[PDB]
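One structure is given here, and the rest of the page talks about it.
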Amino acid sequence: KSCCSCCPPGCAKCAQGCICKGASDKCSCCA
Ligand SMILES: [Cd+2]
Ligand SMILES: [Cd+2]
Ligand SMILES: [Cd+2]
Ligand SMILES: [Cd+2]
């Protein structure tokens, strides 16, 4: 399971609880 749709199963900003929230299709914590 990924955790979001703005970061694939290989992001280096979602290895400590998906922080991507408040923006769909894009984020600002892994941008
Ligand atoms: Cd994301
Ligand atoms: Cd991420
Ligand atoms: Cd995530
Ligand atoms: Cd993010």
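Simple scheme: letters A, B, ... for chains in structure tokens order, numbers from 1 for residues in each chain, numbers from 1 for ligands in the order shown.
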Worksheet item: Which residues sit within 7 Å of ligand 4, counting only C-alpha atoms and all ligand atoms, listed as a PyMOL selection string?
Response: chain A and resi 7+13-14+18-20+27-31
Would you mind exporting the chosen residues as a PDB file, in the first residue's frame, restricted to N, CA and C atoms?
ATOM      1  N   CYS A   7       2.709  10.615  -4.315  1.00  0.00           N
ATOM      2  CA  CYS A   7       4.016  10.012  -4.109  1.00  0.00           C
ATOM      3  C   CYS A   7       3.879   8.498  -4.285  1.00  0.00           C
ATOM      4  N   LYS A  13       9.734  10.890   1.565  1.00  0.00           N
ATOM      5  CA  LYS A  13       9.079  11.891   2.390  1.00  0.00           C
ATOM      6  C   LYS A  13       7.743  11.337   2.891  1.00  0.00           C
ATOM      7  N   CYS A  14       7.664  10.015   2.929  1.00  0.00           N
ATOM      8  CA  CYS A  14       6.455   9.351   3.385  1.00  0.00           C
ATOM      9  C   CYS A  14       6.854   8.042   4.068  1.00  0.00           C
ATOM     10  N   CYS A  18       2.467   9.299   6.112  1.00  0.00           N
ATOM     11  CA  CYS A  18       2.085  10.158   5.003  1.00  0.00           C
ATOM     12  C   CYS A  18       1.805  11.558   5.555  1.00  0.00           C
ATOM     13  N   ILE A  19       2.610  12.509   5.105  1.00  0.00           N
ATOM     14  CA  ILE A  19       2.460  13.886   5.543  1.00  0.00           C
ATOM     15  C   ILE A  19       1.703  14.677   4.475  1.00  0.00           C
ATOM     16  N   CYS A  20       1.461  14.014   3.354  1.00  0.00           N
ATOM     17  CA  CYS A  20       0.749  14.641   2.252  1.00  0.00           C
ATOM     18  C   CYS A  20      -0.737  14.694   2.609  1.00  0.00           C
ATOM     19  N   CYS A  27       1.304  17.646  -3.567  1.00  0.00           N
ATOM     20  CA  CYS A  27       1.555  17.973  -2.173  1.00  0.00           C
ATOM     21  C   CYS A  27       2.646  19.044  -2.119  1.00  0.00           C
ATOM     22  N   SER A  28       3.104  19.315  -0.905  1.00  0.00           N
ATOM     23  CA  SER A  28       4.142  20.311  -0.702  1.00  0.00           C
ATOM     24  C   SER A  28       5.133  19.826   0.357  1.00  0.00           C
ATOM     25  N   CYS A  29       5.044  18.539   0.660  1.00  0.00           N
ATOM     26  CA  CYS A  29       5.924  17.941   1.650  1.00  0.00           C
ATOM     27  C   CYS A  29       6.858  16.963   0.934  1.00  0.00           C
ATOM     28  N   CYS A  30       6.570  16.744  -0.340  1.00  0.00           N
ATOM     29  CA  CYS A  30       7.373  15.839  -1.144  1.00  0.00           C
ATOM     30  C   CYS A  30       7.485  16.421  -2.555  1.00  0.00           C
ATOM     31  N   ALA A  31       7.271  17.725  -2.642  1.00  0.00           N
ATOM     32  CA  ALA A  31       7.345  18.413  -3.919  1.00  0.00           C
ATOM     33  C   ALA A  31       8.803  18.764  -4.221  1.00  0.00           C
TER      34      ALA A  31
END
Worksheet item: Which neighbours of residue 24 of chain A fall inside 9 Å, counting only C-alpha atoms, when residues of the same chain fewer than 4 positions from it are skipped, and could you give them as a PyMOL selection string?
Response: chain A and resi 4-6+20
Since we have the selection now, will you write its residues out, keeping C-alpha atoms, as a PDB file, in the first residue's frame?
ATOM      1  CA  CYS A   4      -0.997   8.801  -1.214  1.00  0.00           C
ATOM      2  CA  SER A   5      -1.404   9.474  -4.916  1.00  0.00           C
ATOM      3  CA  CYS A   6       1.146  12.263  -5.119  1.00  0.00           C
ATOM      4  CA  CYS A  20       0.749  14.641   2.252  1.00  0.00           C
TER       5      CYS A  20
END
Discussion item. Please determine, counting only C-alpha atoms and all ligand atoms, which residue among A:10, A:3, A:26, A:17 has the shortest atom-to-atom distance to ligand 3.
Written reply: A:3
